[PDB]
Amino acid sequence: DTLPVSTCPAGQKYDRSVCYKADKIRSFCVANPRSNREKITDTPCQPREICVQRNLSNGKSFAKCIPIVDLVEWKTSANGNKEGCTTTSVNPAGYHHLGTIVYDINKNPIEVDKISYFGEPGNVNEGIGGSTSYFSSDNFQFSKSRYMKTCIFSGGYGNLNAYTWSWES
């Protein structure tokens, strides 16, 4: 519901946005030529929202806040070196992605060694990403019999805060 700010000073254009904190979007304007005058805008989420991040069809980062009740909040394994997972159906039936972002206790995005997605039943590879605080699955045909497992392997700190949401383009 809370969107990044797309407006920029004259001579500048919106370029991308990232989750600066779990509760703060950060948007970036760019000038031509590039300069240090470029407007960077921080947008707070509402307290019931969490910032989620993914890459758009053009490769640019896009961040926005979604109500936590509208996605899956989960904890990564207590032992950072243990891969832990959660499973999610998405309504209605159809082709959707999942995205996942991981935060540490200070509400900072934290890179994890591996985020992997498995279509179920069958443990079908639906995407593997590494050394990243966020990562999205392939486009997967969800249905009453088809759902998706998301696995996080931190490789460092455990008990991290993960958020898994669904999206389409």
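The first residue of the shown sequence is 1; numbering continues from there.
The mean Cα B-factor in the deposited entry runs higher for 44-52 than for the other of 44-52 and 129-137. Relative to its counterpart among 74-82 and 95-103, 74-82 has the higher mean temperature factor, C-alpha atoms as listed in the PDB entry. Take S61, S116, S27, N123 and read off each C-alpha B-factor from the entry; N123 has the highest.
When the modelled residues of the chain are ordered by C-alpha B-factor, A31 sits in the highest third. The deposited CA B-factor of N161 belongs to the middle third of values across its chain. Residue-level temperature factors show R146 in the middle third of its chain, judged at the C-alpha atom.
Ranked against the other modelled residues of its chain, the C-alpha B-factor of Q12 as given in the entry falls in the highest third. Among all modelled residues in its chain, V69 ranks in the highest third by Cα B-factor.
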